[PDB]
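Undergrad:
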Amino acid sequence: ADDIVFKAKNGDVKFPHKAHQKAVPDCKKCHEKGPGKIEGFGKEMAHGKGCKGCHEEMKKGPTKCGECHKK
Ligand code: HEM
Ligand code: HEM
Ligand code: HEM
């Protein structure tokens, strides 16, 4: 429900929105241009300092391609 699925050509990439809404405070970290869609998203950030960035740093979360890219 509140969750969000991102159709991927290598397996859907589940992303706990509501969950990340309880784990992370400031949303500007994800919604720099205010809450909404992120025109430009993709492997780009999803890989760089997008998701893996706020993951590896703490060493927690889908850091492998078998975690994000894996229906
Ligand atoms: C070295 C491991 C990884 C490889 C080789 C990899 C490869 C790719 C590739 C090739 C794409 C482009 C798909 C396309 O648009 O045709 C992509 C997109 C994406 N990746 Fe990764 N990825 C890896 C790990 C991750 C991880 C760990 C996450 C989640 C934290 C992630 C999240 C995404 C998302 C959300 C997209 C955009 C949706 C899509 O177009 O599939 N990736 N990745
Ligand atoms: C004030 C807190 C937040 C609000 C109000 C919010 C709201 C939204 C809304 C409304 C959408 C989709 C637009 C729509 O359907 O109307 C969205 C998408 C999204 N949100 Fe959040 N969100 C918040 C926190 C977060 C956080 C903390 C992250 C990252 C940890 C995040 C990551 C995303 C991503 C990746 C998308 C998908 C957009 C895309 O496909 O490019 N959100 N958010
Ligand atoms: C669209 C980008 C992102 C995606 C796809 C993503 C995906 C995920 C997923 C699938 C988990 C597994 C946790 C679970 O639900 O059990 C996770 C965990 C986590 N993510 Fe993210 N994430 C993203 C962005 C971020 C950002 C920006 C931050 C920091 C601002 C962040 C911080 C964390 C932390 C700290 C955890 C560990 C869970 C815990 O608190 O135990 N993530 N992430």
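The UniProt record's numbering applies: residue 21 is where the sequence shown begins, and numbers increase by one.
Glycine is no exception: its CB is placed at the ideal position from the N, C-alpha and C atoms.
For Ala-39, name the three-state secondary structure that DSSP assigns.
TA: Helix at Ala-39.
Undergrad: If you drop the 5 nearest sequence neighbours on each side, which residues of the same chain put their C-beta closer than 6 Å to that of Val-33?
TA: Counting only Cβ-Cβ distances below 6 Å, and skipping sequence neighbours, we find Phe-26 and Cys-88.
Undergrad: Starting from the N-terminal side, write out each stretch of the alpha helix (DSSP H) that is 4 residues or longer and does not extend beyond the stretch 46-82.
TA: The stretch 46-82 contains these whole alpha helix (DSSP H) runs: 63-67 and 73-76.
Undergrad: Check whether the Cβ of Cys-50 sits closer than 8 Å to any heavy atom of ligand 3, and report yes or no.
TA: Result yes, Cβ under 8 Å from ligand 3.
Undergrad: Is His-89 near ligand 3 - that is, is its Cβ less than 8 Å away from at least one heavy atom of it?
TA: For ligand 3, not one heavy atom lies less than 8 Å from the Cβ of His-89.
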